[PDB]
Amino acid sequence: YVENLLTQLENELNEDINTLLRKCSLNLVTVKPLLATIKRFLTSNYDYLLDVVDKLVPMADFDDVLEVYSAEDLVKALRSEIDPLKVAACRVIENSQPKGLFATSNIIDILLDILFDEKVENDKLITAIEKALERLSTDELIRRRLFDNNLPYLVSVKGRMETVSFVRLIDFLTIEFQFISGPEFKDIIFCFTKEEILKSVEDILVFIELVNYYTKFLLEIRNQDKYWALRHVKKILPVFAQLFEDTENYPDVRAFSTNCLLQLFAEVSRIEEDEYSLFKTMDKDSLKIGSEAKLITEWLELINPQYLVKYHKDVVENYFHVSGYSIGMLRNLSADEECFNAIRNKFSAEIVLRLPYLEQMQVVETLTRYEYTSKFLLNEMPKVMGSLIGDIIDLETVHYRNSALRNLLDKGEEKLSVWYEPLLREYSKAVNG
Amino acid sequence: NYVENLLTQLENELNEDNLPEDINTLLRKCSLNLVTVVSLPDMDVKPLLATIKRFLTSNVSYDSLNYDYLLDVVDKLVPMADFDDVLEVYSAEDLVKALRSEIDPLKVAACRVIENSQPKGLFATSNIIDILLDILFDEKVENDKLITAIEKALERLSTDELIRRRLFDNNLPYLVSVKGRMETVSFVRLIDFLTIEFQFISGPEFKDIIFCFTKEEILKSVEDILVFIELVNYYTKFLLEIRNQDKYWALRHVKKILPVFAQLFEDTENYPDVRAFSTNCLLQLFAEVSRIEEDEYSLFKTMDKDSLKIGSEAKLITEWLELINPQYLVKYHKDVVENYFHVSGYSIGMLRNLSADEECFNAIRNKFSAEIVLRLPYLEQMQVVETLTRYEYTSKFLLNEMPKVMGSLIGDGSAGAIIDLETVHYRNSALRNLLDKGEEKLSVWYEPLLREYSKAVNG
């Protein structure tokens with residue numbers, strides 16, 4: 001049936017065309033003459049035609065695709081003035097088998113010419129290029145073509161700092177960093193000097209994109225355990241903090257980029273190396289946690305809690321009080337034992353029990369996450385445990401209650417004592433009905 | 001200041017007698033700036049939303065403006081603004097008129113407004129949801145962006161009880177009528193809708209009539225194999241969601257029909273299209289069935305004995321050993337596990353599954369030797385080692401019986417130079433999983449593992 005529908009399409013393209021194209025697409029999601037007929041139609045609803053190509057290409061054996069779309073045809077397609085043909089070329093390139101097949105040609109180079117062309121407004125084409133590059137970048141030869149054969153070009157795009165092509169470059173580097181090893185890492189491509197960061201402030205959108213690039217860069221270093229990359233990034237982190245502080249000379253930085261800078265500083269505080277040496281200097285010289293009242297909640301919600309208790313114990317001790325409002329701060333401050341000890345005297349069963357059930361469940365779920373917080377809950381607030389067990393339609397309440405029940409049960413029967421059987425009973429009722 | 005002035009220039013350019021030449025470049029620039037986050041409280045945002053609305057409600061299409069660019073500004077502007085301001089421009093009656101129109105861009109804008117409803121139950125007392133369902137299940141609708149906009153609006157609002165009531169109570173006979181059509185296009189959208197909705201449904205809200213299919217409906221779906229495949233996939237994701245969301249109460253509503261899928265899989269003479277076109281999706285379903293919260297594999301052992309007959313069809317053996325619960329495999333097909341499995345790069349998929357149960361691992365243990373593993377290329381050795389590193393019983397086997405393999409994991413000092421993505425990933429994971437066991441259980445391997453892990457992550 002699928003082969004006959006494709007044969008019809010092959011005869012038809014050489015009315016209700018859109019409907020048959022949809023029918024072909026729907027059947028494929030759930031070959032040379034058809035691919036060649038579509039190619040002739042593209043070299044001469046186009047989105048519906050391309051969707052058939054997008055589903056047909058990965059399904060077929062790549063040798064058959066290569067016969068219709070040669071490396072030479074792909075260069076011609078990408079150098080044309082026909083956007084749908086360029087998208088089809090991208091789909092072919094994306095599905096290259098082996099992934100390094102086109103690594104010896106200038107195909108990747110041409111993909112980069114289109115990607116960094118600010119005049120390109122076709123979002124589907126930009127996405128198709130990025131998807132083709134992301135898929136192929138697991139291969140070493142493809143990363144070599146990108147970061148060695150096209151290094152001067154990438155550095156030229158980087159130096160330009162033209163809004164449209166720069167944002168696409170940042171997106172490209174973010175995607176590429178997940179595949180890059182220590183020996184492949186190039187500072188000139190992935191890292192920005194103080195001078196480039198100062199230049200980005202002139203166009204605040206570019207600056208915000210750069211702050212977000214660094215936040216995701218630090219997050220990826222933590223997620224992928226790529227600590228070797230820290231020495232390449234740390235030296236410029238105090239520049240972002242200096243810009244955050246310098247409201248007289250760079251008012252646009254606090255005016256338009258406060259939130260993204262706070263997320264960056266949250267990541268910087270997770271660098272513990274040499275007793276928070278870098279973050280301590282940024283805080284002392286620039287951030288000055290506690291000195292600007294309107295940022296106190298955010299600092300206590302975002303900054304490494306071990307850092308907060310060691311250098312701003314007075315802020316933690318005095319500022320934090322239990323309420324639905326301070327749940328964000330509770331989740332962060334509870335994540336370090338010493339930091340939790342600095343807020344522990346703000347709790348009582350009475351205070352927690354006065355909160356509406358959704359807020360009690362958010363507080364309880366947070367306290368169930370750690371050994372020291374759960375011990376405090378069980379030994380000092382058994383009335384709160386009584387409220388958790390109880391005598392619910394709200395999805396958030398059910399989510400936090402079930403997570404609290406599950407986190408306590410993870411501790412085991414021995415550590416739960418008298419709470420074991422009531423918790424098991426409540427969890428069974430919630431998951432089994 | 002800059003973003004609201006960019007929005008101000010757009011409001012002024014759109015209200016000029018004739019649209020200026022730069023209109024589409026301005027819209028595109030507005031979209032890139034809004035991408036960031038929340039709006040400036042400079043002005044109400046109401047005149048710009050109302051100006052865009054007049055362009056969308058107009059039956060006159062202007063050659064000079066790009067409607068996709070105009071909608072992209074709406075899709076970024078609506079969630080950024082206070083909903084009371086959006087309501088002033090787009091009332092519940094304007095939304096009904098927009099959805100009942102013949103203007104697709106206007107219907108998409110209506111969806112964005114509905115999606116961002118605050119409170120979520122605001123339009124639950126109107127027929128707005130009913131109209132969204134009429135469009136969603138209309139086969140003649142070819143606009144994929146409109147279909148997605150409806151699904152996104154329904155997904156966002158379905159966390160609310162009143163919205164689920166409008167869906168599953170006020171529109172129950174309609175939804176059941178769409179379900180009974182089993183017309184390809186509307187059916188696929190219905191399955192996607194039910195998958196979205198199941199995330200939010202509680203035990204007391206669950207309705208068998210709309211979420212579950214009887215044997216008769218499953219037999220009817222075979223007539224159009226695409227519909228049957230969509231149904232197999234629906235059940236696989238349904239069982240996966242029960243495991244992921246701990247919704248075990250739903251199993252009693254689904255289990256009774258699971259043997260029908262296995263019967264169809266076996267019956268190649270009377271249902272040849274089942275095996276011909278749906279083998280792979282059925283294998284994924286059976287993998288989930290072998291993992292359900294049930295009493296000693298009651299249901300799966302009957303499906304296997306009567307229909308699946310694991311081990312009787314040689315060409316499916318690798319797939320069964322890669323997919324089926326390993327505890328089930330060793331208890332009922334120990335002979336298959338013992339004879340079939342041998343170590344190679346090819347059998348890595350089987351190794352990862354069979355290693356996940358201790359008894360099952362004991363049945364493959366004698367196929368390992370340091371010599372066999374050491375002959376594999378380094379990427380494959382790392383995949384094998386990383387698998388053995390995942391469990392207490394496999395790691396004990398690796399450390400006590402294959403110290404030469406541990407020697408290969410530690411290596412000759414050239415690991416810092418490994419460029420292969422996959423090799424680094426599996427080696428580092430193996431190193432990390434072993435270190436998680438602690439210094440006491442690692443003995444002499446502790447310091448070399450710590451040294452190798454430090455070099456990999458810090459060097």
Side-chain angles (χ1 to χ4, degrees), chain A residues 1-2 18-19 21-23 26-30 45 47-48 51 121 123 137-140 143-144 163-164 167 178-184 203-205 208-209 212 221 224-228 230-231 252 255-257 259-260 392-396 398-399 402 406 427-433, chain B residues 1-3 24-25 28-29 32-33 35-38 40 66 68-69 72 142 144 159-161 184-185 188 199-200 202-206 225-230 233 245-252 273 277-278 281 293 416-422 424-425 428 432 453-454 456-459:
Chain A
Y1 182 80
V2 77
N18 288 200
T19 309
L21 248 359
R22 304 280 292 196
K23 202 158 179 68
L26 188 62
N27 279 88
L28 295 164
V29 78
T30 327
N45 191 317
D47 299 325
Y48 297 177
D51 196 74
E121 286 173 50
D123 299 297
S137 299
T138 61
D139 183 93
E140 165 196 340
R143 292 194 309 276
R144 179 178 302 157
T163 319
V164 176
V167 165
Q178 79 192 100
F179 307 111
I180 289 283
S181 58
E184 298 176 84
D203 185 342
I204 214 72
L205 195 166
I208 291 158
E209 185 77 11
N212 290 338
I221 284 167
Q224 293 195 312
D225 304 299
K226 294 185 162 177
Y227 310 123
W228 50 265
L230 289 167
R231 61 166 223 190
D252 288 349
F256 310 111
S257 60
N259 291 339
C260 69
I392 311 298
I393 312 285
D394 185 75
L395 294 187
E396 248 197 292
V398 168
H399 163 76
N402 292 180
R406 196 174 310 118
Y427 188 70
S428 296
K429 279 195 242 166
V431 306
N432 300 308
Chain B
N1 210 266
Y2 187 80
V3 76
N24 298 324
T25 75
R28 199 136 171 85
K29 188 174 192 170
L32 186 62
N33 282 270
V35 156
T36 302
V37 84
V38 273
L40 196 86
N66 190 318
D68 298 325
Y69 297 178
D72 196 73
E142 283 174 40
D144 299 300
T159 61
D160 183 268
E161 166 187 52
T184 320
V185 176
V188 167
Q199 301 174 296
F200 315 111
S202 58
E205 297 177 84
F206 193 84
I225 212 70
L226 199 160
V227 172
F228 176 75
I229 289 159
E230 188 74 12
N233 289 337
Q245 292 160 47
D246 305 300
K247 293 186 160 179
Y248 309 124
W249 52 265
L251 289 166
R252 63 165 222 186
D273 287 348
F277 309 110
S278 53
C281 70
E293 291 293 299
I418 308 289
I419 276 131
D420 185 77
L421 172 82
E422 255 196 290
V424 168
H425 164 75
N428 293 180
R432 195 171 15 254
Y453 188 70
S454 176
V457 306
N458 300 309

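So you know, we letter chains A, B, ... as the sequences are listed, proteins then strands, and number each from 1. Heavy-atom basis, side chains included; hydrogens, waters and symmetry copies ignored.
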ask   = When rounded to the nearest 0.5 angstrom, what distance separates CZ in A:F179 from CG in B:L421?
value = 7.0 Å
Qualifying residues under side chain to side chain contact (heavy atoms under 4.5 Å, CB included), relative to B:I419, sequence neighbours excluded = A:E140, A:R143, A:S181, A:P183, A:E184
note = On a heavy-atom basis, the closest approach of B:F228 and B:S278 is CE2-OG, 3.3 Å
Interface moiety of B:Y453 toward chain A, non-hydrogen atoms closer than 4.5 Å = side chain
query = So what's closer than 4.5 Å to chain B heavy atoms on A:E121: side chain, backbone, both or neither?
reply = both
request  = Pick whichever of B:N1, B:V37, B:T184 has the most heavy-atom pairs under 4.5 Å with chain A.
outcome  = B:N1
task = Go through the atoms of B:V424 and report whether side chain, backbone, both or neither lie under 4.5 Å from a heavy atom of chain A.
result = neither
task = Please confirm whether the backbone N or O of A:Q178 pairs with a side-chain atom of A:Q224, one donor and one acceptor, at under 3.5 Å?
result = yes
query = Which one, B:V185, B:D273, B:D144, B:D68, leads in non-hydrogen pairs under 4.5 Å with chain A?
reply = B:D144
Approximate separation, where rounding is to 0.5 Å, of A:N45 CG and A:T19 OG1 = 10.5 Å
inquiry  = Distance check, rounded to the nearest 0.5 Å: A:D51 atom CG versus A:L21 atom CG?
reply    = 8.5 Å
ask   = Side chain, backbone, both or neither: which part of B:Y69 has an atom under 4.5 Å from a heavy atom of chain A?
value = side chain
message = Quick check against the 3.5 Å criterion: does B:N33 have a side-chain atom that pairs as donor or acceptor with the backbone of B:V3?
response = no
request  = Sort B:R432 into side chain, backbone, both or neither according to what part of it lies under 4.5 angstrom from a heavy atom of chain A.
outcome  = side chain
Best-contacting candidate, A:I393, A:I208, A:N18, A:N402, against chain B by heavy atom pairs under 4.5 angstrom = A:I393
message = I need the B:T36 OG1 to A:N212 CG distance, nearest 0.5 Å.
response = 7.0 Å
request  = Under 4.5 Å heavy-atom distance to chain A, tell me which part of B:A456 shows up: side chain, backbone, both or neither.
outcome  = backbone
key: Among the listed options B:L32, B:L40, B:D420, the residue most often paired with chain A at heavy-atom distances under 4.5 Å   = B:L32
task = Identify which part of B:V188 has an atom lying under 4.5 Å from any heavy atom of chain A, answering side chain, backbone, both or neither.
result = side chain
Structural part of A:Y1 lying under 4.5 Å from a heavy atom of chain B = neither
